[PDB]
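> Next up, input-v6.cif (mmCIF, N, CA and C atoms and all ligand atoms).
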```
data_structure
#
loop_
_atom_site.label_atom_id
_atom_site.label_comp_id
_atom_site.auth_asym_id
_atom_site.auth_seq_id
_atom_site.Cartn_x
_atom_site.Cartn_y
_atom_site.Cartn_z
N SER B 1 1.10 4.40 9.82
CA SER B 1 0.43 5.40 8.96
C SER B 1 1.30 5.72 7.76
N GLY B 2 0.66 6.26 6.71
CA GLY B 2 1.37 6.64 5.51
C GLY B 2 0.50 6.70 4.27
N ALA B 3 0.83 7.61 3.36
CA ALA B 3 0.08 7.76 2.11
C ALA B 3 1.04 7.94 0.92
N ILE B 4 0.56 7.75 -0.32
CA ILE B 4 1.33 8.06 -1.53
C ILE B 4 0.63 9.31 -2.10
N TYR B 5 1.39 10.35 -2.41
CA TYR B 5 0.82 11.56 -3.01
C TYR B 5 1.33 11.71 -4.44
N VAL B 6 0.50 11.33 -5.42
CA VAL B 6 0.79 11.41 -6.85
C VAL B 6 -0.28 12.27 -7.52
N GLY B 7 0.14 13.34 -8.18
CA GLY B 7 -0.75 14.30 -8.83
C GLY B 7 -1.77 14.85 -7.85
N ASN B 8 -3.06 14.77 -8.17
CA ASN B 8 -4.11 15.20 -7.24
C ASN B 8 -4.77 14.00 -6.54
N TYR B 9 -3.97 12.97 -6.23
CA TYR B 9 -4.49 11.79 -5.54
C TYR B 9 -3.68 11.51 -4.26
N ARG B 10 -4.36 10.99 -3.21
CA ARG B 10 -3.79 10.53 -1.95
C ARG B 10 -4.19 9.05 -1.84
N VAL B 11 -3.21 8.13 -1.80
CA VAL B 11 -3.46 6.68 -1.72
C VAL B 11 -3.12 6.27 -0.29
N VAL B 12 -4.13 5.74 0.44
CA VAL B 12 -3.98 5.28 1.82
C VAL B 12 -4.49 3.84 1.97
N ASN B 13 -4.20 3.17 3.11
CA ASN B 13 -4.73 1.82 3.36
C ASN B 13 -6.25 2.12 3.63
N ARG B 14 -7.18 1.37 3.04
CA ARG B 14 -8.62 1.65 3.20
C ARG B 14 -9.00 1.66 4.69
N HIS B 15 -8.38 0.75 5.49
CA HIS B 15 -8.67 0.64 6.94
C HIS B 15 -8.20 1.83 7.76
N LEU B 16 -7.38 2.72 7.18
CA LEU B 16 -6.88 3.92 7.86
C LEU B 16 -7.47 5.24 7.28
N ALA B 17 -8.39 5.15 6.30
CA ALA B 17 -8.96 6.33 5.67
C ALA B 17 -9.78 7.13 6.68
N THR B 18 -9.64 8.46 6.63
CA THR B 18 -10.32 9.41 7.50
C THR B 18 -11.71 9.81 6.92
N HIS B 19 -12.51 10.60 7.68
CA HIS B 19 -13.76 11.15 7.19
C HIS B 19 -13.49 12.01 5.93
N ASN B 20 -12.46 12.88 5.96
CA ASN B 20 -12.13 13.69 4.78
C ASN B 20 -11.85 12.84 3.53
N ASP B 21 -11.12 11.73 3.67
CA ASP B 21 -10.88 10.80 2.55
C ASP B 21 -12.23 10.27 1.98
N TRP B 22 -13.13 9.76 2.84
CA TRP B 22 -14.43 9.28 2.38
C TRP B 22 -15.26 10.40 1.74
N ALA B 23 -15.17 11.65 2.26
CA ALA B 23 -15.91 12.77 1.70
C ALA B 23 -15.32 13.29 0.34
N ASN B 24 -14.13 12.79 -0.06
CA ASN B 24 -13.48 13.15 -1.33
C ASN B 24 -13.00 11.89 -2.04
N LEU B 25 -13.85 10.83 -2.03
CA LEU B 25 -13.51 9.53 -2.60
C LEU B 25 -13.35 9.54 -4.12
N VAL B 26 -12.31 8.85 -4.62
CA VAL B 26 -12.11 8.66 -6.06
C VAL B 26 -12.35 7.14 -6.34
N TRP B 27 -11.74 6.26 -5.51
CA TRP B 27 -11.82 4.81 -5.70
C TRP B 27 -11.43 4.07 -4.41
N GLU B 28 -12.03 2.92 -4.17
CA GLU B 28 -11.76 2.07 -3.01
C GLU B 28 -11.99 0.60 -3.37
N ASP B 29 -11.20 -0.28 -2.79
CA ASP B 29 -11.35 -1.71 -3.00
C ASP B 29 -10.96 -2.39 -1.68
N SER B 30 -11.96 -2.91 -0.96
CA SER B 30 -11.74 -3.58 0.33
C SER B 30 -10.86 -4.82 0.19
N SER B 31 -11.05 -5.61 -0.90
CA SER B 31 -10.23 -6.81 -1.09
C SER B 31 -8.72 -6.50 -1.31
N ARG B 32 -8.35 -5.25 -1.70
CA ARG B 32 -6.95 -4.83 -1.87
C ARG B 32 -6.43 -3.97 -0.68
N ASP B 33 -7.33 -3.60 0.27
CA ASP B 33 -7.03 -2.69 1.37
C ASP B 33 -6.60 -1.33 0.81
N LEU B 34 -7.20 -0.88 -0.32
CA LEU B 34 -6.83 0.45 -0.88
C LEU B 34 -8.00 1.43 -0.97
N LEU B 35 -7.68 2.71 -0.82
CA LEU B 35 -8.61 3.81 -0.96
C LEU B 35 -7.83 4.98 -1.51
N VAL B 36 -8.39 5.64 -2.50
CA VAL B 36 -7.79 6.81 -3.13
C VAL B 36 -8.75 7.97 -3.00
N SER B 37 -8.26 9.11 -2.55
CA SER B 37 -9.07 10.32 -2.46
C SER B 37 -8.39 11.46 -3.24
N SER B 38 -9.15 12.55 -3.49
CA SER B 38 -8.64 13.72 -4.22
C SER B 38 -8.01 14.73 -3.28
N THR B 39 -6.95 15.40 -3.75
CA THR B 39 -6.26 16.43 -2.97
C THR B 39 -6.33 17.77 -3.69
N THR B 40 -6.22 18.87 -2.93
CA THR B 40 -6.23 20.19 -3.55
C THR B 40 -4.79 20.51 -4.06
N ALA B 41 -3.75 20.11 -3.31
CA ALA B 41 -2.37 20.36 -3.71
C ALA B 41 -1.78 19.16 -4.46
N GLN B 42 -0.82 19.44 -5.34
CA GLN B 42 -0.15 18.42 -6.14
C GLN B 42 0.91 17.62 -5.36
N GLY B 43 0.95 16.32 -5.62
CA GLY B 43 1.87 15.40 -4.98
C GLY B 43 3.14 15.22 -5.78
N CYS B 44 4.22 14.80 -5.08
CA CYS B 44 5.53 14.64 -5.69
C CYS B 44 5.96 13.21 -5.94
N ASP B 45 5.17 12.22 -5.49
CA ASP B 45 5.51 10.82 -5.72
C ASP B 45 5.24 10.43 -7.19
N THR B 46 5.94 9.39 -7.64
CA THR B 46 5.86 8.85 -8.98
C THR B 46 5.58 7.34 -8.86
N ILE B 47 4.62 6.80 -9.62
CA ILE B 47 4.29 5.39 -9.54
C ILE B 47 5.23 4.58 -10.44
N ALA B 48 5.72 3.44 -9.94
CA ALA B 48 6.56 2.56 -10.74
C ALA B 48 5.63 1.87 -11.74
N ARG B 49 6.09 1.73 -12.96
CA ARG B 49 5.37 0.99 -13.99
C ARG B 49 6.42 -0.05 -14.43
N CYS B 50 6.42 -1.22 -13.75
CA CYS B 50 7.46 -2.24 -13.95
C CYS B 50 7.04 -3.63 -13.43
N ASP B 51 7.98 -4.60 -13.52
CA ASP B 51 7.77 -5.93 -12.94
C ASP B 51 8.87 -6.27 -11.88
N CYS B 52 9.41 -5.24 -11.20
CA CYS B 52 10.42 -5.44 -10.17
C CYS B 52 9.97 -6.33 -9.03
N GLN B 53 10.90 -7.18 -8.51
CA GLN B 53 10.69 -7.98 -7.32
C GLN B 53 11.76 -7.64 -6.21
N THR B 54 12.49 -6.52 -6.34
CA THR B 54 13.41 -6.04 -5.33
C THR B 54 13.17 -4.56 -5.18
N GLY B 55 13.28 -4.09 -3.97
CA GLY B 55 13.08 -2.68 -3.66
C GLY B 55 13.43 -2.37 -2.22
N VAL B 56 12.90 -1.26 -1.71
CA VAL B 56 13.20 -0.81 -0.37
C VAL B 56 11.91 -0.31 0.27
N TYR B 57 11.62 -0.69 1.53
CA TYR B 57 10.41 -0.18 2.17
C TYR B 57 10.69 0.56 3.47
N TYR B 58 9.78 1.45 3.86
CA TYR B 58 9.91 2.18 5.10
C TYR B 58 9.19 1.48 6.25
N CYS B 59 9.95 1.25 7.31
CA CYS B 59 9.43 0.59 8.53
C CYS B 59 9.38 1.62 9.65
N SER B 60 8.21 2.21 9.98
CA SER B 60 8.14 3.24 11.03
C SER B 60 8.50 2.73 12.45
N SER B 61 8.21 1.42 12.72
CA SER B 61 8.51 0.74 13.99
C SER B 61 10.04 0.58 14.24
N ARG B 62 10.88 0.86 13.22
CA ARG B 62 12.33 0.89 13.33
C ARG B 62 12.96 2.21 12.83
N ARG B 63 12.14 3.15 12.26
CA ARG B 63 12.59 4.38 11.62
C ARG B 63 13.74 4.08 10.64
N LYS B 64 13.58 3.02 9.86
CA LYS B 64 14.59 2.57 8.92
C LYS B 64 13.92 2.12 7.63
N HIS B 65 14.65 2.22 6.52
CA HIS B 65 14.26 1.75 5.20
C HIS B 65 15.04 0.42 4.99
N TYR B 66 14.35 -0.66 4.61
CA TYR B 66 15.01 -1.95 4.43
C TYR B 66 14.96 -2.45 3.01
N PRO B 67 16.11 -2.94 2.49
CA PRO B 67 16.08 -3.55 1.15
C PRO B 67 15.33 -4.90 1.25
N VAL B 68 14.48 -5.22 0.28
CA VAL B 68 13.72 -6.48 0.30
C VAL B 68 13.53 -7.05 -1.07
N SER B 69 13.33 -8.39 -1.11
CA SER B 69 12.87 -9.16 -2.25
C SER B 69 11.41 -9.44 -1.93
N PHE B 70 10.52 -9.26 -2.92
CA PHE B 70 9.10 -9.49 -2.67
C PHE B 70 8.44 -10.30 -3.78
N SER B 71 7.38 -11.03 -3.44
CA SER B 71 6.67 -11.88 -4.40
C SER B 71 5.86 -11.05 -5.45
N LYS B 72 5.37 -11.68 -6.52
CA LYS B 72 4.54 -11.01 -7.53
C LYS B 72 3.13 -10.77 -6.94
N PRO B 73 2.41 -9.68 -7.31
CA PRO B 73 1.06 -9.45 -6.73
C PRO B 73 0.14 -10.65 -6.92
N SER B 74 -0.52 -11.12 -5.84
CA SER B 74 -1.38 -12.30 -5.93
C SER B 74 -2.53 -12.29 -4.91
N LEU B 75 -3.35 -13.35 -4.92
CA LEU B 75 -4.46 -13.54 -4.00
C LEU B 75 -3.90 -14.37 -2.85
N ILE B 76 -3.78 -13.77 -1.68
CA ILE B 76 -3.17 -14.44 -0.53
C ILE B 76 -4.14 -14.50 0.66
N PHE B 77 -4.20 -15.61 1.38
CA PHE B 77 -5.00 -15.67 2.61
C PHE B 77 -4.30 -14.84 3.72
N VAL B 78 -5.02 -13.90 4.32
CA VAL B 78 -4.53 -13.04 5.39
C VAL B 78 -5.36 -13.30 6.67
N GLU B 79 -4.67 -13.51 7.80
CA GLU B 79 -5.33 -13.73 9.09
C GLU B 79 -6.17 -12.51 9.51
N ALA B 80 -7.16 -12.77 10.40
CA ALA B 80 -8.05 -11.74 10.91
C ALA B 80 -7.27 -10.66 11.64
N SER B 81 -7.72 -9.42 11.52
CA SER B 81 -7.16 -8.26 12.21
C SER B 81 -8.33 -7.48 12.85
N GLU B 82 -8.06 -6.34 13.51
CA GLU B 82 -9.19 -5.56 14.08
C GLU B 82 -10.04 -4.84 12.99
N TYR B 83 -9.46 -4.71 11.79
CA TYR B 83 -10.03 -4.02 10.64
C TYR B 83 -10.67 -4.96 9.58
N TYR B 84 -10.24 -6.24 9.47
CA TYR B 84 -10.82 -7.19 8.51
C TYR B 84 -10.91 -8.57 9.10
N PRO B 85 -11.95 -9.37 8.76
CA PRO B 85 -11.90 -10.78 9.15
C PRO B 85 -10.79 -11.50 8.36
N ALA B 86 -10.54 -12.77 8.67
CA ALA B 86 -9.57 -13.58 7.93
C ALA B 86 -10.16 -13.79 6.58
N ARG B 87 -9.44 -13.37 5.57
CA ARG B 87 -9.97 -13.39 4.22
C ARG B 87 -8.83 -13.33 3.21
N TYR B 88 -9.17 -13.55 1.94
CA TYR B 88 -8.20 -13.43 0.90
C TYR B 88 -8.09 -11.97 0.52
N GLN B 89 -6.87 -11.50 0.42
CA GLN B 89 -6.59 -10.14 0.00
C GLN B 89 -5.90 -10.27 -1.37
N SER B 90 -6.36 -9.50 -2.35
CA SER B 90 -5.81 -9.54 -3.71
C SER B 90 -4.72 -8.46 -3.92
N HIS B 91 -3.90 -8.63 -4.98
CA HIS B 91 -2.83 -7.69 -5.35
C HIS B 91 -1.82 -7.50 -4.19
N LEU B 92 -1.55 -8.61 -3.45
CA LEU B 92 -0.66 -8.62 -2.30
C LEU B 92 0.70 -9.23 -2.64
N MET B 93 1.76 -8.58 -2.16
CA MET B 93 3.14 -9.05 -2.35
C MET B 93 3.75 -9.27 -0.95
N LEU B 94 4.45 -10.40 -0.75
CA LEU B 94 5.06 -10.71 0.54
C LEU B 94 6.56 -10.63 0.46
N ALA B 95 7.17 -10.24 1.57
CA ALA B 95 8.61 -10.14 1.74
C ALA B 95 8.96 -10.53 3.19
N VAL B 96 10.24 -10.88 3.43
CA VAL B 96 10.76 -11.15 4.75
C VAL B 96 11.30 -9.81 5.23
N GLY B 97 10.72 -9.31 6.29
CA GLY B 97 11.08 -8.01 6.83
C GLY B 97 10.26 -7.70 8.06
N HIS B 98 10.78 -6.78 8.89
CA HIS B 98 10.07 -6.44 10.11
C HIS B 98 8.88 -5.55 9.86
N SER B 99 7.75 -5.93 10.45
CA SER B 99 6.57 -5.10 10.43
C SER B 99 5.70 -5.32 11.65
N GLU B 100 4.95 -4.26 12.01
CA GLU B 100 3.96 -4.17 13.09
C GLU B 100 2.71 -3.45 12.53
N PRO B 101 1.53 -3.60 13.16
CA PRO B 101 0.30 -2.98 12.59
C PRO B 101 0.42 -1.51 12.19
N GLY B 102 1.03 -0.70 13.04
CA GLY B 102 1.21 0.72 12.78
C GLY B 102 2.18 1.04 11.64
N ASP B 103 2.90 0.03 11.09
CA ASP B 103 3.77 0.19 9.92
C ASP B 103 2.96 0.32 8.60
N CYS B 104 1.62 0.05 8.64
CA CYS B 104 0.76 0.17 7.47
C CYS B 104 0.85 1.57 6.87
N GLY B 105 1.05 1.65 5.56
CA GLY B 105 1.16 2.93 4.89
C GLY B 105 2.58 3.27 4.47
N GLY B 106 3.59 2.57 5.01
CA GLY B 106 4.97 2.85 4.62
C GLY B 106 5.18 2.51 3.16
N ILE B 107 5.95 3.31 2.41
CA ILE B 107 6.12 3.08 0.98
C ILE B 107 7.15 2.00 0.64
N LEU B 108 6.82 1.16 -0.34
CA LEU B 108 7.78 0.21 -0.91
C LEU B 108 8.13 0.89 -2.24
N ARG B 109 9.44 0.99 -2.56
CA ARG B 109 9.85 1.66 -3.78
C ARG B 109 10.99 0.94 -4.48
N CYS B 110 11.01 1.01 -5.80
CA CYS B 110 12.07 0.45 -6.63
C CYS B 110 12.74 1.62 -7.40
N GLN B 111 13.66 1.31 -8.32
CA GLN B 111 14.31 2.30 -9.18
C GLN B 111 13.30 3.09 -10.07
N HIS B 112 12.14 2.48 -10.41
CA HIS B 112 11.13 3.11 -11.26
C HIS B 112 10.16 4.04 -10.51
N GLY B 113 10.07 3.89 -9.18
CA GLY B 113 9.18 4.70 -8.37
C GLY B 113 8.50 3.91 -7.26
N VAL B 114 7.39 4.43 -6.76
CA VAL B 114 6.59 3.81 -5.72
C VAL B 114 5.88 2.57 -6.27
N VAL B 115 6.09 1.42 -5.63
CA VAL B 115 5.52 0.12 -5.98
C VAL B 115 4.17 -0.15 -5.25
N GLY B 116 4.11 0.21 -3.97
CA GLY B 116 2.95 0.01 -3.15
C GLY B 116 3.16 0.44 -1.71
N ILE B 117 2.21 0.09 -0.81
CA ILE B 117 2.34 0.48 0.60
C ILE B 117 2.13 -0.73 1.52
N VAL B 118 2.73 -0.71 2.74
CA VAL B 118 2.60 -1.79 3.73
C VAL B 118 1.12 -2.00 4.05
N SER B 119 0.66 -3.26 4.04
CA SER B 119 -0.76 -3.55 4.32
C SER B 119 -0.90 -4.69 5.36
N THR B 120 -0.04 -5.72 5.26
CA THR B 120 -0.08 -6.90 6.15
C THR B 120 1.32 -7.23 6.74
N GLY B 121 1.35 -8.10 7.75
CA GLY B 121 2.64 -8.50 8.34
C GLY B 121 2.49 -9.43 9.52
N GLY B 122 3.63 -9.80 10.11
CA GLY B 122 3.67 -10.66 11.29
C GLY B 122 4.75 -11.72 11.17
N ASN B 123 5.43 -12.04 12.28
CA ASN B 123 6.42 -13.13 12.35
C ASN B 123 7.55 -13.04 11.33
N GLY B 124 8.07 -11.82 11.15
CA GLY B 124 9.17 -11.61 10.22
C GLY B 124 8.72 -11.49 8.78
N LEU B 125 7.42 -11.29 8.55
CA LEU B 125 6.92 -11.05 7.21
C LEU B 125 6.29 -9.65 7.12
N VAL B 126 6.31 -9.08 5.92
CA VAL B 126 5.68 -7.80 5.65
C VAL B 126 5.05 -7.93 4.24
N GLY B 127 3.83 -7.46 4.11
CA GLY B 127 3.05 -7.56 2.90
C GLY B 127 2.70 -6.17 2.40
N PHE B 128 2.69 -6.00 1.07
CA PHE B 128 2.49 -4.70 0.45
C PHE B 128 1.30 -4.74 -0.55
N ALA B 129 0.43 -3.73 -0.48
CA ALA B 129 -0.67 -3.61 -1.45
C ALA B 129 -0.05 -2.95 -2.71
N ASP B 130 -0.01 -3.68 -3.83
CA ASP B 130 0.57 -3.16 -5.09
C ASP B 130 -0.29 -2.02 -5.68
N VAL B 131 0.35 -1.01 -6.28
CA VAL B 131 -0.38 0.07 -6.96
C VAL B 131 0.06 0.25 -8.44
N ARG B 132 0.98 -0.62 -8.96
CA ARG B 132 1.56 -0.52 -10.30
C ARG B 132 0.58 -0.73 -11.46
N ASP B 133 -0.51 -1.48 -11.22
CA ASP B 133 -1.56 -1.78 -12.21
C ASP B 133 -2.59 -0.64 -12.38
N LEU B 134 -2.64 0.29 -11.42
CA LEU B 134 -3.54 1.43 -11.39
C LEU B 134 -3.01 2.56 -12.26
N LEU B 135 -3.08 2.37 -13.58
CA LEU B 135 -2.54 3.34 -14.54
C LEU B 135 -3.18 4.73 -14.46
N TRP B 136 -4.45 4.84 -14.03
CA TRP B 136 -5.17 6.12 -13.88
C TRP B 136 -4.60 7.03 -12.85
N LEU B 137 -3.74 6.51 -11.94
CA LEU B 137 -3.09 7.36 -10.94
C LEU B 137 -2.13 8.40 -11.59
N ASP B 138 -1.79 8.27 -12.89
CA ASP B 138 -0.89 9.21 -13.59
C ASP B 138 -1.58 10.40 -14.25
N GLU B 139 -2.91 10.36 -14.44
CA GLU B 139 -3.59 11.47 -15.12
C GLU B 139 -4.91 11.89 -14.45
N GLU B 140 -5.45 13.06 -14.85
CA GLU B 140 -6.70 13.68 -14.38
C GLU B 140 -6.99 13.46 -12.88
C1 LIG Y 201 -4.83 -5.76 5.69
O1 LIG Y 201 -4.73 -5.95 7.10
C2 LIG Y 201 -5.01 -4.76 7.82
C3 LIG Y 201 -4.42 -4.91 9.24
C4 LIG Y 201 -4.67 -3.67 10.08
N1 LIG Y 201 -2.98 -5.18 9.14
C5 LIG Y 201 -2.37 -5.95 10.05
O2 LIG Y 201 -2.99 -6.67 10.83
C6 LIG Y 201 -0.86 -5.90 10.08
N2 LIG Y 201 -0.17 -5.11 9.26
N3 LIG Y 201 1.16 -5.31 9.59
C7 LIG Y 201 2.20 -4.55 8.92
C8 LIG Y 201 1.30 -6.21 10.61
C9 LIG Y 201 2.42 -6.65 11.30
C10 LIG Y 201 2.24 -7.50 12.38
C11 LIG Y 201 0.97 -7.91 12.75
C12 LIG Y 201 -0.15 -7.48 12.05
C13 LIG Y 201 0.01 -6.62 10.97
ZN ZN Y 202 10.78 -1.04 -10.75
#
```
How does the structure come out when it is put into structure tokens?
Ligand SMILES: COC[C@H](C)NC(=O)c1nn(C)c2ccccc12
Ligand SMILES: [Zn+2]

Amino acid sequence: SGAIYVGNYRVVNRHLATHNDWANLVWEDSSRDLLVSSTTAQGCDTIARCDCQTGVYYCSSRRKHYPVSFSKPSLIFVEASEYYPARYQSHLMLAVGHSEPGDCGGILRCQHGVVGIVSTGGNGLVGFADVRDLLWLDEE
């Protein structure tokens, strides 16, 4: 589990969104595994606006933050899960790192801010849904 709280927005993995999230929807994209909802209180996270390929992510299955090198956001084939069939997921970045299904939502961050959240993984790999291209997350 995990969310990014920037301004009046809550960014969660679309497959983990609650009834309250759907009842206060701002934007969702199934192919990116992202959903954004509105919040009443202001968030303290800051979105990275950069082209970084190194950062640090939170792994709840180890209660540790790990330094990682990750690929550029792309269209990657992802195996079937309980939440999606086997399909291509867009805006996905891969890294070598420990992950388990419940690690979804952990933040990946660089020196510029929050880069994205854990979305995919398995066999010593961890994948992150990028949020750096979503410039609207900074205003209104
Ligand atoms: C976009 O896919 C949504 C689903 C719920 N995600 C996964 O299956 C999944 N996510 N992580 C971090 C894993 C690690 C190990 C095995 C599976 C996974
Ligand atoms: Zn950066």
> Can I get the residues close to ligand LIG 201 (chain Y) as a PyMOL selection string, where close means within 6 Å and we count only C-alpha atoms and all ligand atoms?
chain B and resi 33+81+83+99-101+103-104+118-122+126
> DSSP on the backbone: which residues in chain B end up as helix (DSSP H, G or I)? Give the answer as an MDAnalysis selection string.
chainID B and resid 14:16 19:23 30:32 101:103 135:138
> Emit the selected residues as a tab-separated table (two decimals), in the frame of the given file, including N, CA and C atoms.

```tsv
chain	number	residue	atom	x	y	z
B	14	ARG	N	-7.18	1.37	3.04
B	14	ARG	CA	-8.62	1.65	3.20
B	14	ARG	C	-9.00	1.66	4.69
B	15	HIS	N	-8.38	0.75	5.49
B	15	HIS	CA	-8.67	0.64	6.94
B	15	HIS	C	-8.20	1.83	7.76
B	16	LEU	N	-7.38	2.72	7.18
B	16	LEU	CA	-6.88	3.92	7.86
B	16	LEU	C	-7.47	5.24	7.28
B	19	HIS	N	-12.51	10.60	7.68
B	19	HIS	CA	-13.76	11.15	7.19
B	19	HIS	C	-13.49	12.01	5.93
B	20	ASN	N	-12.46	12.88	5.96
B	20	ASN	CA	-12.13	13.69	4.78
B	20	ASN	C	-11.85	12.84	3.53
B	21	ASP	N	-11.12	11.73	3.67
B	21	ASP	CA	-10.88	10.80	2.55
B	21	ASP	C	-12.23	10.27	1.98
B	22	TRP	N	-13.13	9.76	2.84
B	22	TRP	CA	-14.43	9.28	2.38
B	22	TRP	C	-15.26	10.40	1.74
B	23	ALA	N	-15.17	11.65	2.26
B	23	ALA	CA	-15.91	12.77	1.70
B	23	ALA	C	-15.32	13.29	0.34
B	30	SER	N	-11.96	-2.91	-0.96
B	30	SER	CA	-11.74	-3.58	0.33
B	30	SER	C	-10.86	-4.82	0.19
B	31	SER	N	-11.05	-5.61	-0.90
B	31	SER	CA	-10.23	-6.81	-1.09
B	31	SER	C	-8.72	-6.50	-1.31
B	32	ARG	N	-8.35	-5.25	-1.70
B	32	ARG	CA	-6.95	-4.83	-1.87
B	32	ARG	C	-6.43	-3.97	-0.68
B	101	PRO	N	1.53	-3.60	13.16
B	101	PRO	CA	0.30	-2.98	12.59
B	101	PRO	C	0.42	-1.51	12.19
B	102	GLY	N	1.03	-0.70	13.04
B	102	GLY	CA	1.21	0.72	12.78
B	102	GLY	C	2.18	1.04	11.64
B	103	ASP	N	2.90	0.03	11.09
B	103	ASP	CA	3.77	0.19	9.92
B	103	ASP	C	2.96	0.32	8.60
B	135	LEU	N	-3.08	2.37	-13.58
B	135	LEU	CA	-2.54	3.34	-14.54
B	135	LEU	C	-3.18	4.73	-14.46
B	136	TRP	N	-4.45	4.84	-14.03
B	136	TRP	CA	-5.17	6.12	-13.88
B	136	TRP	C	-4.60	7.03	-12.85
B	137	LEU	N	-3.74	6.51	-11.94
B	137	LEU	CA	-3.09	7.36	-10.94
B	137	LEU	C	-2.13	8.40	-11.59
B	138	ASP	N	-1.79	8.27	-12.89
B	138	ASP	CA	-0.89	9.21	-13.59
B	138	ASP	C	-1.58	10.40	-14.25
```
> Using only N, CA and C atoms and all ligand atoms, which residues of the polymer chains come no farther than 6 Å from ligand ZN 202 (chain Y)? I'd like the answer as a list in words.
residues 48, 49, 50, 51, 52, 110, 111, 112 and 113 of chain B
> Specify the axis-aligned box that encloses all atoms of segment 48-64 of chain B listed in the file after padding of 8 Å on each side, stating its centre and edge lengths in Å to one decimal as lines of an AutoDock Vina configuration file.

```
center_x = 10.0
center_y = -1.8
center_z = -0.1
size_x = 25.2
size_y = 28.4
size_z = 44.7
```
> At a cut-off of 6.5 Å around the point (7.8, -9.5, -2.0) (file coordinates), what residues fall inside when counting all atoms listed in the file? I'd like the answer as a VMD selection string.
chain B and resid 53 68 to 72 93 to 96
> Identify, on the basis of all atoms listed in the file, every residue whose closest approach to residue 115 of chain B does not exceed 8 Å; exclude the query and any residue fewer than 6 positions from it along the same chain; express the result as a PyMOL selection string.
chain B and resi 46-50+107-109+128-133
> Atom CA of residue 80 of chain B to atom CA of residue 67 of chain B: how many Å, to one decimal?
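It comes out at 27.3 Å.
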> Kindly indicate which residue among B:8, B:59, B:28, B:136 lies nearest to residue 40 of chain B, using all atoms listed in the file for the distances.
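Closest to residue 40 of chain B of all the choices is B:8.
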> As a VMD selection string, which residues of chain B does DSSP assign to strand (DSSP E or B)?
chain B and resid 4 to 13 25 to 29 34 to 44 47 54 to 59 64 to 70 74 to 78 87 to 96 107 to 110 113 to 122 125 to 130
> Using only C-alpha atoms, which residue out of B:1, B:63, B:92, B:25 lies closest to residue 75 of chain B?
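The answer is B:92, which sits nearest to residue 75 of chain B.
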> Please provide the set of residues having any atom within 5 Å of residue 5 of chain B, restricted to only N, CA and C atoms, with same-chain residues fewer than 6 positions apart removed, written as a PyMOL selection string.
chain B and resi 43-45
> What does the distance between atom CA of residue 77 of chain B and atom CA of residue 106 of chain B come to in Å, to one decimal place?
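Taking atom CA of residue 77 of chain B and atom CA of residue 106 of chain B, their separation equals 21.1 Å.
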> Here is a test: counting only C-alpha atoms, which residue of B:10, B:97, B:66, B:57 is nearest to residue 37 of chain B?
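The shortest atom-to-atom distance to residue 37 of chain B comes from B:10.
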> Considering all atoms listed in the file, return as a list in words whatever protein or nucleic-acid residues lie within 8 Å of residue 139 of chain B, sequence-local ones (same chain, fewer than 4 positions apart) excluded.
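Listing them by chain and then by number gives residues 6, 7, 8 and 135 of chain B.
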> Quick one: distance from atom CA of residue 11 of chain B to atom C of residue 36 of chain B in Å, one decimal?
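Here the two named atoms are 5.6 Å from each other.
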> When distances are computed from all atoms listed in the file, which of B:56, B:35, B:4, B:41 shows the smallest separation from residue 21 of chain B?
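Residue with the minimum atom-to-atom distance to residue 21 of chain B: B:35.
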> Just checking: using all atoms listed in the file, which residue out of B:55, B:65, B:137, B:2 ends up closest to residue 16 of chain B?
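Using all atoms listed in the file, residue 16 of chain B sits closest to B:2.
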> Got a sec: who's within 7 Å of residue 30 of chain B, counting all atoms listed in the file, leaving out chain neighbours fewer than 3 positions off, as a PDB file with N, CA and C atoms, keeping the file's coordinate frame?

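After the write, around.pdb holds the following:
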```pdb
ATOM      1  N   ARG B  14      -7.180   1.370   3.040  1.00  0.00           N
ATOM      2  CA  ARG B  14      -8.620   1.650   3.200  1.00  0.00           C
ATOM      3  C   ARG B  14      -9.000   1.660   4.690  1.00  0.00           C
ATOM      4  N   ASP B  33      -7.330  -3.600   0.270  1.00  0.00           N
ATOM      5  CA  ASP B  33      -7.030  -2.690   1.370  1.00  0.00           C
ATOM      6  C   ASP B  33      -6.600  -1.330   0.810  1.00  0.00           C
ATOM      7  N   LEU B  34      -7.200  -0.880  -0.320  1.00  0.00           N
ATOM      8  CA  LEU B  34      -6.830   0.450  -0.880  1.00  0.00           C
ATOM      9  C   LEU B  34      -8.000   1.430  -0.970  1.00  0.00           C
ATOM     10  N   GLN B  89      -6.870 -11.500   0.420  1.00  0.00           N
ATOM     11  CA  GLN B  89      -6.590 -10.140   0.000  1.00  0.00           C
ATOM     12  C   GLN B  89      -5.900 -10.270  -1.370  1.00  0.00           C
ATOM     13  N   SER B  90      -6.360  -9.500  -2.350  1.00  0.00           N
ATOM     14  CA  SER B  90      -5.810  -9.540  -3.710  1.00  0.00           C
ATOM     15  C   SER B  90      -4.720  -8.460  -3.920  1.00  0.00           C
TER      16      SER B  90
END
```
> Kindly write N, CA and C atoms of segment 122-126 of chain B from the structure just given to a file, as a tab-separated table (two decimals), in the first residue's frame.

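Dumped everything to decode.tsv:
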```
chain	number	residue	atom	x	y	z
B	122	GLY	N	8.79	-8.97	-9.20
B	122	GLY	CA	8.96	-10.42	-9.21
B	122	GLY	C	10.37	-10.82	-9.58
B	123	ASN	N	10.90	-11.88	-8.95
B	123	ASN	CA	12.22	-12.46	-9.28
B	123	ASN	C	13.39	-11.48	-9.23
B	124	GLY	N	13.39	-10.63	-8.21
B	124	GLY	CA	14.46	-9.66	-8.05
B	124	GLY	C	14.28	-8.42	-8.89
B	125	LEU	N	13.08	-8.21	-9.43
B	125	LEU	CA	12.78	-6.99	-10.17
B	125	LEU	C	11.67	-6.20	-9.46
B	126	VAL	N	11.69	-4.88	-9.64
B	126	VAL	CA	10.65	-4.00	-9.11
B	126	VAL	C	10.41	-2.95	-10.22
```
